[PDB]
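Survey of secondary and tertiary structure
Chain by chain, the residues:
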Amino acid sequence: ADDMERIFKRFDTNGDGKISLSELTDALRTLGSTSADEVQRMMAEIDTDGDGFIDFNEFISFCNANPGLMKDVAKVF
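Conventions adopted
Residues numbered from 1 in each chain as written, not as in the entry; some residues may be left out. Heavy atoms only, no water. Helix = DSSP H or I, 4+ residues; strand = E, 2+ residues; numbered from the N terminus. Buried < 20%, exposed > 50% of the residue type's maximum accessible area, 1.4 Å probe, protein only. Contact = heavy atoms within 4.5 Å. Areas by Shrake-Rupley, 256 points an atom, 1.4 Å probe, with all protein chains shown as cover. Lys, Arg positive; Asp, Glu negative; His and termini not counted. Charge placed at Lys NZ, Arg CZ, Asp CG, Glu CD. UniProt positions renumbered as here; feature names shortened; annotations may be inferred.

Its PDB header attributes the entry to solution NMR.

Here is the structure:
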C-alpha cells in the first residue's frame with residue numbers, strides 16, 4: 001500500500017526525478033480527489049520556488065495526508 005508514494009513514483013517518470021506540480025495538482029481530481037484547487041493555487045507557496053517541479057521534500061510538504069487528501073487518493077483509482 002501507499003499514500004503518496006503510489007503517486008510520486010507515478011509522476012516521476014520524466015527522467016530527472018522531480019514531478020511537475022502543475023500536472024499533479026491537475027492530475028488529482030481526475031483520479032477522484034476533491035481538494036485539488038487547495039494546491040492548484042498554492043503549489044508555488046508550499047515549497048516550489050517557481051520552476052514548477054518538486055523532487056521529494058517539496059512534494060511531501062504538501063502531502064500532509066491529514067484530512068485524508070493523500071491517505072485516500074492513492075487507492076481511489
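After that view, the rundown keeps rolling.
Secondary structure summary: the protein contains four helices and zero strands in total. Reading the helices (α) and strands (β) of the protein from amino to carboxyl end gives α-α-α-α. If you line up the protein on its principal axes, its C-alpha atoms span 30 × 25 × 20 Å. The buried share of the protein, taken over its 77 residues, is 32%. Taking contacts inside the protein between residues at least 6 apart in sequence as the whole, the part at least 24 apart equals 60%. Carbon and sulfur atoms make up 41% of the accessible area of the protein, which amounts to about 5,100 Å² in all. If you average the places of the 8 positive and of the 16 negative side-chain charges in the protein, the two averages end up 8 Å apart.

Take the UniProt feature "binding site: Ca(2+) 1" in the protein next. Here the UniProt-annotated "binding site: Ca(2+) 1" positions come out as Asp 12, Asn 14, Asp 16, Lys 18 and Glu 23. Turning to its location among the elements, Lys 18 is positioned in the loop between α1 (5-11) and α2 (21-24).

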